[PDB]
Structure formats: structure tokens, C-alpha cells
Amino acid sequence: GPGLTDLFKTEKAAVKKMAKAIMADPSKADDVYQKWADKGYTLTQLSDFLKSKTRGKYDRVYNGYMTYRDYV
């Protein structure tokens, strides 16, 4: 982003955009879940993107996402 902690603008800064977007709205989540498998975004890297922690911010988002491991 435009910060020092997340000074990136690549994937890890890209995924946070959708993370916080799913954080609130779980309807649009389906597309992004597919988009993640679409590029082969693996959960272990997902934890790098959503590395930062905030209550209700990242938890909802990746805890729901990790369920894809039992699907594909």
C-alpha cells in the first residue's frame, strides 16, 4: 500500500484489497475464491498476504478460504 509496513504493490498488497472486501461482504467472496485457485494462490502464501492481524479483518477472510483445501 502507501505505507512502510506494506510498501508493496504486488500480490500481497493486491490480495489485501479483496481480503478487506470479503471481510465485510461474503457474497462477492465466491469470485475471489475462484480467482485465488485461478492463479494457484496457495494458503501458505495467503498467510503472507493476510499476515497482519486485526479482529474481524483477516480471520473471517482466510478461515473461510482455507476450506478450499478439502475441495481442490
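Quick notes on the rules
- Residues numbered from 1 in each chain as written, not as in the entry; some residues may be left out.
- Heavy atoms only, no water.
- Salt bridge = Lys/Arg side-chain N within 4 Å of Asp/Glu carboxyl O.
- Helix = DSSP H or I, 4+ residues; strand = E, 2+ residues; numbered from the N terminus.
- Buried < 20%, exposed > 50% of the residue type's maximum accessible area, 1.4 Å probe, protein only.

- The record names solution NMR as the way this model was obtained.

### Looking at the pattern of salt bridges
Between side chains of opposite charge, a pair can form as their charged atoms come close.
(1) Moving on: Counted according to the given criterion, the structure contains 6 salt bridges.
(2) Moving on: When the shortest N-O distance is used, the salt bridge between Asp-6 and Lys-16 registers 2.6 Å. Remark: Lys-16 occurs in helix α1 (residues 11-24) and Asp-6 occurs in the segment before α1; sequence separation between them is 10 residues. With respect to class, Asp-6 is no different from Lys-16; both count as buried.
(3) Moving on: A salt bridge links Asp-25 to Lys-28; the shortest N-O distance between them is 2.6 Å.
(4) Moving on: Residue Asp-25 is classed as partly exposed on the basis of its relative accessible area of 26%.
(5) Moving on: Look at the salt bridges and you will find they share partners, linking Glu-11, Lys-12, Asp-48 and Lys-51 into a network.

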